[PDB]
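By convention here, the first residue in the shown sequence is residue 1.
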Amino acid sequence: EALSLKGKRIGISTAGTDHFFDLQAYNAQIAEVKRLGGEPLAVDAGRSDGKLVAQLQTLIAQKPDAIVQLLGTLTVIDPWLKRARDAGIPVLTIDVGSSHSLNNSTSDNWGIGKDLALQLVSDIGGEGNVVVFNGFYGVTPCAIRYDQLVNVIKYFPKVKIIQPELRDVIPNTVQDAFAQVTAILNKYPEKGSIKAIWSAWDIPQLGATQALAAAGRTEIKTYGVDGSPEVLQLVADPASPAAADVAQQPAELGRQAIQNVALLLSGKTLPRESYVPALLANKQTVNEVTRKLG
Ligand SMILES: OC[C@@H](O)[C@@H](O)[C@@H](O)[C@@H](O)CO
Ligand SMILES: [Cl-]
């Protein structure tokens with residue numbers, strides 16, 4: 001029969017909503033629970049680990065029909081996802097590869113990370129130095145994306161990751177990424193001594209790209225993931241060093257998660273992960289990518 005959540009209460013917990021991917025996935029879950037007739041209990045951690053734990057505890061005390069957790073550092077949330085299951089509460093996730101989740105809605109990040117890395121390598125001629133932002137390695141999709149970069153360049157050994165990897169941050173992501181790249185360009189002033197800057201998601205990319213323009217170092221190419229509109233439009237600008245951004249579908253991911261909650265409560269067994277396609281946008285493909293998202 002048609003899916004429904006009538007009479008159900010669904011806990012919806014996100015690590016934050018402070019940029020495109022997170023806001024989209026969060027809102028679309030809330031929307032979808034409502035559209036299926038369920039009652040969402042939606043809690044935003046504002047990117048505090050303390051608030052994230054505290055709101056999951058409260059959702060647990062509420063004994064909703066399911067909890068969906070969006071993003072977060074796996075070691076931070078895992079004890080609470082376990083507690084929820086132990087309390088009798090079905091747990092699903094978005095971008096969290098937990099043993100305690102019944103189903104993780106996520107892009108196929110092996111595909112994403114490999115595709116981005118191969119683009120990067122091809123773009124720089126198989127040779128040169130790469131500045132890497134790797135500040136969210138504790139977050140499943142970012143860990144996978146980083147692992148794939150490492151693994152792709154392993155087989156193109158004239159490609160090197162510059163040492164001290166940088167740590168991107170949230171919030172203040174753009175201003176911080178701008179400052180870090182600005183300071184690193186001053187360590188490596190010689191044209192050609194950096195060829196790319198990689199990030200696991202595209203808001204640090206945005207900071208990076210800006211710092212390149214400001215510094216007069218646009219020979220350097222930038223790379224990222226999410227397809228936030230503000231960054232896609234940089235990729236589309238020939239005069240921008242933003243070279244590639246793998247677009248994700250966060251509203252689709254959020255709807256899928258809730259679709260999968262309904263399926264679970266109706267009795268069906270879920271696959272452990274459910275992959276939503278992603279689309280690599282480079283300077284040639286961004287138009288057809290941007291159009292498929294709008
Ligand atoms: O954990 C940071 C970041 O990767 C996420 O907030 C989001 O932007 C997506 O890239 C996750 O699929
Ligand atoms: Cl320039």
Undergrad: Working to the nearest 0.5 Å, report the span between CD1 of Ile162 and NZ of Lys187.
TA: 9.0 Å

Undergrad: Are the side chain of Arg47 and the backbone of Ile170 linked by a donor-acceptor contact shorter than 3.5 Å?
TA: no

Undergrad: Indicate yes or no: at least one non-hydrogen side-chain atom of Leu253 is less than 4.5 angstrom from one of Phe21.
TA: yes

Undergrad: Looking at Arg9, I want to see if its CZ is surrounded by more than 12 non-hydrogen atoms of other residues, nucleotides or ligands under 6.0 Å.
TA: yes

Undergrad: Counting distance only, does the side-chain N/O of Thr93 pair as donor-acceptor with the main-chain N or O of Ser101 below 3.5 Å?
TA: no

Undergrad: Given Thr106 and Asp95, is the side chain to side chain donor-acceptor pair (under 3.5 Å) satisfied, shown in steps?
TA: CA-CA 5 Å; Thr106 190; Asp95 281 346; 2.8 Å; yes

Undergrad: Between the main-chain N or O of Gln205 and the side-chain N or O of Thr209, is there a donor-acceptor pair closer than 3.5 Å?
TA: yes

Undergrad: Answer yes or no: is there a donor N or O on one side and an acceptor on the other, between the side chain of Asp202 and the main chain of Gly227, under 3.5 Å?
TA: yes

Undergrad: Give the minimum heavy-atom separation between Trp198 and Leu116, together with the two atoms involved.
TA: NE1-CD2, 3.6 Å

Undergrad: I want to check something: taking the side chain as every heavy atom from C-beta on, are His19 and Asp22 in contact at a cut-off of under 4.5 Å?
TA: yes

Undergrad: Among residues at least two apart in sequence or on other chains, which ones pass ring pair (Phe, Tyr, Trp, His ring centres under 6.0 Å) with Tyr275?
TA: none

Undergrad: Within a 6.0 Å radius of atom CZ on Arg167, are there more than 12 heavy atoms belonging to other residues, nucleotides or ligands?
TA: no

Undergrad: Without swapping roles, check the side chain of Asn109 against the backbone of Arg145 for a donor-acceptor pair under 3.5 Å.
TA: no

Undergrad: Find the distance between CG (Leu212) and OG1 (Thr182) and round it off to the nearest 0.5 Å.
TA: 8.5 Å

Undergrad: Tell me whether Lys283 contacts the main-chain N or O of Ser240 through its side chain, where contact means a donor paired with an acceptor under 3.5 Å.
TA: yes

Undergrad: Any heavy-atom pair between the side chains of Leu5 and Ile258 that's under 4.5 Å?
TA: yes

Undergrad: So, the side chain of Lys195 versus the backbone of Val121: is there a donor-acceptor pair under 3.5 Å, distance only?
TA: no

Undergrad: If we ignore hydrogens and angles and just use 3.5 Å, is the side chain of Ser266 paired with the main-chain N or O of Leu263 as donor and acceptor?
TA: yes

Undergrad: Say whether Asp78 and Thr75, considering side chains only, have a donor N or O and an acceptor N or O under 3.5 Å apart.
TA: no

Undergrad: Which heavy atom of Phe20 sits nearest to which heavy atom of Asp226, and what is that distance?
TA: CE2-O, 4.2 Å

Undergrad: Taking side chain as C-beta onward, heavy atoms only, is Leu59 less than 4.5 Å from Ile89?
TA: no

Undergrad: Just by modelled atom types, is the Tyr188 backbone N or O under 3.5 Å from a matching donor or acceptor in the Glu190 side chain?
TA: no

Undergrad: Which of these, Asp245, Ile197, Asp123, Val246, sits in a side chain to side chain contact (heavy atoms under 4.5 Å, CB included) with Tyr223?
TA: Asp123

Undergrad: I would like to know whether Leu74 and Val96 meet side-chain contact (heavy atoms from CB on, under 4.5 Å); could you show each step before the answer?
TA: CA-CA 7 Å; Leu74 179 63; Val96 182; 3.6 Å; yes

Undergrad: Quick one: closest heavy-atom pair of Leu185 and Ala211, and the distance?
TA: CD1-O, 3.9 Å

Undergrad: Please determine whether the number of non-hydrogen atoms from other residues, nucleotides or ligands lying under 6.0 Å from atom CD of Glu273 exceeds 12.
TA: yes

Undergrad: So, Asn260 and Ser274: side-chain donor and acceptor under 3.5 Å apart, yes or no?
TA: yes

Undergrad: To the nearest 0.5 angstrom, please state how far the CD1 atom of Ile94 sits from the CD atom of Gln256.
TA: 8.5 Å

Undergrad: Start with the C-alpha gap between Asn282 and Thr285, add the side-chain angles, then the distance that decides, and say whether side chain to side chain donor-acceptor pair (under 3.5 Å) holds.
TA: CA-CA 5 Å; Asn282 59 40; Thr285 60; 3.3 Å; yes

Undergrad: Applying salt bridge (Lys or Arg N to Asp or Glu O under 4.0 Å), which residue pairs with at least one partner in residues 28-38 are found, sequence neighbours left out?
TA: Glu32-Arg35

Undergrad: Would you find a donor on one side and an acceptor on the other, under 3.5 Å apart, between the side chain of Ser228 and the backbone of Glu230?
TA: no

Undergrad: Please, which pairs that meet salt bridge (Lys or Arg N to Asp or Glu O under 4.0 Å) have at least one residue in residues 250-261, sequence neighbours excluded?
TA: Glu252-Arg255

Undergrad: Same cluster or not: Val132 versus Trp201, using hydrophobic residues (I, L, V, M, F, W, Y) connected whenever any side-chain heavy atoms lie under 4.5 Å apart?
TA: no

Undergrad: For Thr14 and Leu52, which heavy atoms make the closest approach, and how far apart are they?
TA: O-CD1, 4.2 Å

Undergrad: When you compare the side chains of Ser13 and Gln69, does any donor N or O come within less than 3.5 Å of an acceptor on the partner?
TA: yes

